[PDB]
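First comes the structure, then the notes that go with it.
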C-alpha cells in the first residue's frame, strides 16, 4: 500500500534539488521525497 501523498517531482519529469539551490527553478507543483528538497526544471 501507500500513503496520502499528492504529486512528487520525478512523477512529473522533474528533478529533486535543495529548496535553497539558487537558479534551479522550482516546481510549485511537483514534490520531492527527501522532505527537505524541492522540484526543479531539470
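Following Swiss-Prot, chain A shows residues 25-66, kept in their order.
The header says solution NMR.
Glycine is no exception: its Cβ is also placed from the backbone N, Cα and C atoms.
Quick look at what Swiss-Prot lists:
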- 33-63: disulfide bond (DISULFID)
- 40-56: disulfide bond (DISULFID)
- 48-64: disulfide bond (DISULFID)
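Here the features listed in Swiss-Prot are painted onto the structure.
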{"residue": "33", "record": "disulfide bond", "Cβ neighbours (10 Å)": "22"}
{"residue": "40", "record": "disulfide bond", "Cβ neighbours (10 Å)": "19"}
{"residue": "48", "record": "disulfide bond", "Cβ neighbours (10 Å)": "17"}
{"residue": "56", "record": "disulfide bond", "Cβ neighbours (10 Å)": "21"}
{"residue": "63", "record": "disulfide bond", "Cβ neighbours (10 Å)": "26"}
{"residue": "64", "record": "disulfide bond", "Cβ neighbours (10 Å)": "20"}
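Cα-Cα distance from residue 48 (disulfide bond) to residue 63 (disulfide bond): 9 Å (rounded to the nearest whole number). Spacing of residue 56 (disulfide bond) relative to residue 33 (disulfide bond) is 5 Å (Cα to Cα, whole number).
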